[PDB]
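S.K.: Let me see the structure of the following:
(6 chains, ligands or ions: 1)
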Amino acid sequence: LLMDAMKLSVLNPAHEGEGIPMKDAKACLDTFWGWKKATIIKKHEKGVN
Amino acid sequence: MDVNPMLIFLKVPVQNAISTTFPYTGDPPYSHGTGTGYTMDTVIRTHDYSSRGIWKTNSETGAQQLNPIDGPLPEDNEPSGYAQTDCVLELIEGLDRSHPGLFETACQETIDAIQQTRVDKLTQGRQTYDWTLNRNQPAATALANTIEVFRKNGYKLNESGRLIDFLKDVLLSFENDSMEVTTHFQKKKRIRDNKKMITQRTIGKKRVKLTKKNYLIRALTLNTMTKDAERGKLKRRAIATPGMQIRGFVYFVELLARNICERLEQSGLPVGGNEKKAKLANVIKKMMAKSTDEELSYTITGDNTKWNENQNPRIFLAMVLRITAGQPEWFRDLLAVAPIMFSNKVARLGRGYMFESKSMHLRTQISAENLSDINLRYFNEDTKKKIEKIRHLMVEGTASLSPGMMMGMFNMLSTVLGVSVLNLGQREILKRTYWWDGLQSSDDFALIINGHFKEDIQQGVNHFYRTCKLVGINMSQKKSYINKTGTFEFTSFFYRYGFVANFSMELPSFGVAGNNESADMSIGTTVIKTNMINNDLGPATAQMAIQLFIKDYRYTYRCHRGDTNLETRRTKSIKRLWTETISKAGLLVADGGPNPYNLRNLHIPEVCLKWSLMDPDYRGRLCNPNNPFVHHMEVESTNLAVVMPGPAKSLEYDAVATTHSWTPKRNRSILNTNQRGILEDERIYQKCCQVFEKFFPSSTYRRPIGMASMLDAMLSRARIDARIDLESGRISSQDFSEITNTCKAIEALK
Amino acid sequence: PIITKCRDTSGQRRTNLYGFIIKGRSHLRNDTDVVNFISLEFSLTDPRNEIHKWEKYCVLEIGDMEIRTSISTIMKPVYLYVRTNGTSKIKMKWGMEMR
Amino acid sequence: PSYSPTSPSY
RNA sequence: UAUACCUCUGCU
RNA sequence: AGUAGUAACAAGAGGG
Ligand SMILES: [Zn+2]
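M.R.: Numbering: from 1, shown residues only, chains lettered A, B, ... in the order given. Take a look at the structure below.
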């Protein structure tokens, strides 16, 4: 995604490519709460949604 | 506001902001699957442009050969190949008059070459089609394969070592009507193992005799494939690879044409970028000096459409014979070989096609050889038509292709045809109200037409255009254009009252070359350097190009700085080196050290630049001549990489041989095929050549000459080295007998 | 995970997460050979306002976010743009070189 | 504007 | 024929 | 499905 992208982020002294990706990824997920039960709001017409 | 970069051209001239129109930071187009569709397209189109010519079946191959030359004159502007022999010879004579003694010395230099040239010289250069295996192979293996099969039959003139003798063997080999070739094939053996019996793939060889047609067809065969990574084109196109039989002849013909082109102001070939610009600058200078203030000047930014498809082998035979007039008839006939083989050339149709069944969910491959007999229900409408037209030309798998040429077959002699049309434009030949000069390299040209009034320019263009048609050259009316002299384009050089920068052309050369850690650092810094000089890469951007290269280099080779918090497979060993090291500044970037480069020192190799600042023990390990990582190559192939901007040239770089001068692992797909044995041949040939160099150290610098045997040469040296080392030296008396006993023991084993 | 790192104008270093990519099998021989992947990327964009843009995507609504502004906390739904996609060794090479 | 859709203050 | 494994290959 | 684009990938080959 280009202009439509959205970020979850953390403040983090690490440099421009430092730390284990999935550990950093979980650190970013833990900043956000209010996850819902997932629901399809726009289908991929040619695919099993 | 909607942002539009094109509106910059309202203020900034298009040449001055031309970099914005070159999208060369994205992946270029690649062909997926087969090029058989394209090879047939080319073969069909080639014959369409020559269709009014004269069909004749060949005596030796049975191939149906179209001859368009001296044919009917064209009556439209469509791509034609009806070149007129007399019109060609007039232009080549015109070229001879205008440059007295050129053809003479050109031939005289080519004579000396043919005498001095060895069979070695065909180990160099790009891949050749191998008739032994019906596949592309490296030059040297295709050579060794052809020599082996020639030696196994009754042909060993090349045993002399000189190339002209190998060329004799090639012409003598057409007389054999039972040419023997060892093929290879897989065999499924069963052997016990510890206590179960498992199946085992092994490979055995089988001899096969060939017809007089079969062999001849293969020697006139040129391979085909799609050209990948080609910029500036919506559609892919087919390219071709010469075989081993024609190649040595092509070498000497292109060598003549090279010696001609070297002394022609109007040839862009074979000179480099800056010299092409100097040459263009000279003709503009010369055209302006020789005109009056009353006269006009217009410049055609010029492209020839369907260049290779309309250049004919018969016309190339006319040129070669006229250029060689009055020289020895053996030399004329030798150089005439290549054009002849090109006139009777046949093209392999490629991989073939792949079929798919949606309902069954299966796929299948069919060979291009099957296109002759296969049912046409499978194919789409366009492909079916192409197969029906190709069937008329088809000869034992291949497709006959007498007229025209194909890309990657032949080089500089076609430029000589173009240059001779430029040479016709002198004031002293035309004697009209108009006259011309220019530069040419292959299908691209810049033509400058001077005249008294704009009507004279029009007449000049038509005269140039129509004369070009008479020798099978077709100027593109779609892609060429004309304007008053002052701006033009030529091979992506842009002139605007002087040549301007085209930096974006070079953008794909900014990166990590992928040779090794040593070579890439040298290559990378030199790309930045040469662009600062040649393409207006400014100092700030050049500094940033250093920065970005170091990032790309550090990530690619996993050699981040020794004090980094990053974590790769190499960070731990680089950290050990970092803390162990006293003078950190001396560590190379590949050993976790800092970047030393800025503008002023791009020309200084890294090891050299850091040498004062290295720890003694690190430096002594780094440059240790006993290290197991380097490939001790020949001198002639030391510090050479390969680059693609032209065809595919070599790039020399400046680097100190270190543990970073390593070589990546070889491809291992051959292990699954029938050619698996080639690996063992190589291993055996390398150990034999390795041991020879212990008796002849200078063989790694200068290729040794000798009709004598490899073992016998080593034995002669073994005895005499033991002699002088004892007779007046530091070897004992008992050891001389020990060496000569072994030499006698080896002499007994034969 | 789709990660980038950056520093603010204020100087603070930060790690951002945009979503995830699930790599398929990748026995990539030819330079054009394809790897199939699935991209699952966060967004606040309502896909129905420009549905032609998103032909290849299946967009989920996966959460709600309290977003801070001048002097009013706003509640917006959080979408997840899911799709199957593909790339090759050559296309990846040139993506690595985008600097 | 009020907020950033790409880097929202949450 | 299906389902597990095992081996080689990733420009040849 | 998706990649892609004038023809392919969506593993190939073998233990048959
Ligand atoms: Zn770094």
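
S.K.: element containing the residue nearest to residue B:481 when sequence neighbours are not counted, please.
M.R.: Counting by CB to CB, 6 or more residues apart in numbering or on different chains, residue B:481 lies nearest to residue B:301, which is 5.6 Å off, once chain neighbours are set aside. Yep, even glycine has a C-beta here, placed from its N, CA and C like the rest. Secondary structure from DSSP states H and E places residue B:301 in strand B:296-303.

S.K.: And that strand, what's buried?
M.R.: Judged by neighbour count using 16 or more other CB atoms under 10 Å in any protein chain shown, the buried positions of strand B:296-303 are B:296, B:297, B:298, B:299, B:300, B:301, B:302, B:303.

S.K.: nearest to residue A:20, of those?
M.R.: Nearest to residue A:20 among those: residue B:303, at 54.8 Å, using CB to CB.

S.K.: quick one: that closest one and residue B:475 touch, right?
M.R.: Yes - counting by CB atoms under 8 Å, residue B:475 is a contact partner of residue B:303 at 7.4 Å.

S.K.: Strands of the stretch 501-650 of chain B, residue ranges please.
M.R.: B:640-642, B:650-652 (DSSP state E, counting those that start in this stretch).

S.K.: who's in contact with whichever residue of the stretch 451-600 of chain B sits closest to RNA strand E?
M.R.: Residue nearest to RNA strand E within the stretch 451-600 of chain B (CB to the nearest atom of the strand): residue B:514, separated by 10.9 Å. Residue B:514 is in contact with B:520, B:556, counting by CB atoms under 8 Å, 6 or more residues apart in numbering or on different chains.

S.K.: Roughly how far does it sit from chain A?
M.R.: Between residue B:514 and chain A the computed distance is 21 Å (CB to the nearest CB, to the nearest Å).

S.K.: Figure out the helix or strand that residue B:198 lives in.
M.R.: strand B:196-210.

S.K.: May I have that strand as PDB, with CA atoms only?
M.R.: Extracted as PDB, the C-alpha positions of strand B:196-210 are listed here (Å, rounded to 0.1, in the frame of the first residue of the first chain):
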ATOM      1  CA  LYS B 196      18.000 -53.500  -0.100                       C
ATOM      2  CA  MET B 197      18.300 -52.900  -3.800                       C
ATOM      3  CA  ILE B 198      17.900 -49.300  -5.000                       C
ATOM      4  CA  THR B 199      17.800 -47.900  -8.600                       C
ATOM      5  CA  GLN B 200      20.800 -45.800  -9.800                       C
ATOM      6  CA  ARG B 201      20.900 -43.200 -12.600                       C
ATOM      7  CA  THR B 202      24.200 -43.600 -14.600                       C
ATOM      8  CA  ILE B 203      25.400 -42.300 -18.000                       C
ATOM      9  CA  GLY B 204      27.000 -44.200 -20.900                       C
ATOM     10  CA  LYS B 205      28.100 -43.100 -24.400                       C
ATOM     11  CA  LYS B 206      27.000 -44.300 -27.800                       C
ATOM     12  CA  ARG B 207      28.500 -43.400 -31.300                       C
ATOM     13  CA  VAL B 208      26.200 -42.100 -34.000                       C
ATOM     14  CA  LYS B 209      27.100 -41.500 -37.700                       C
ATOM     15  CA  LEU B 210      25.600 -38.500 -39.500                       C
END
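
S.K.: Indicate whether that strand makes contact with RNA strand F.
M.R.: Yes - using CB under 7 Å from any atom of the strand, strand B:196-210 reaches RNA strand F at B:198, B:199, B:201.

S.K.: So what touches that strand?
M.R.: B:178-191, B:218, B:674, B:676-677.

S.K.: Give me the buried subset of the residues you listed.
M.R.: Buried among those by 16+ other CB under 10 Å: B:179, B:181, B:184, B:218, B:674.

S.K.: Give me the subset of those lying in helices.
M.R.: residue B:218 (DSSP state H).

S.K.: Mind putting the buried ones among the contacts of strand B:196-210 into a markdown table with distance to residue B:490?
M.R.: Converted to a markdown table, the buried ones among the contacts of strand B:196-210 look like this (distance: CB to CB, whole Å):
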| residue | distance to residue B:490 |
| --- | --- |
| B:179 | 48 |
| B:181 | 47 |
| B:184 | 50 |
| B:218 | 40 |
| B:674 | 49 |
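
S.K.: got a winner among the residues of strand B:196-210 next to RNA strand F for most neighbours?
M.R.: Of all the residues of strand B:196-210 next to RNA strand F, residue B:201 has the most neighbours under the rule other CB atoms under 10 Å in any protein chain shown, reaching 11 neighbours.

S.K.: Roughly how far does that one sit from residue B:193?
M.R.: 15 Å (CB to CB, to the nearest Å).
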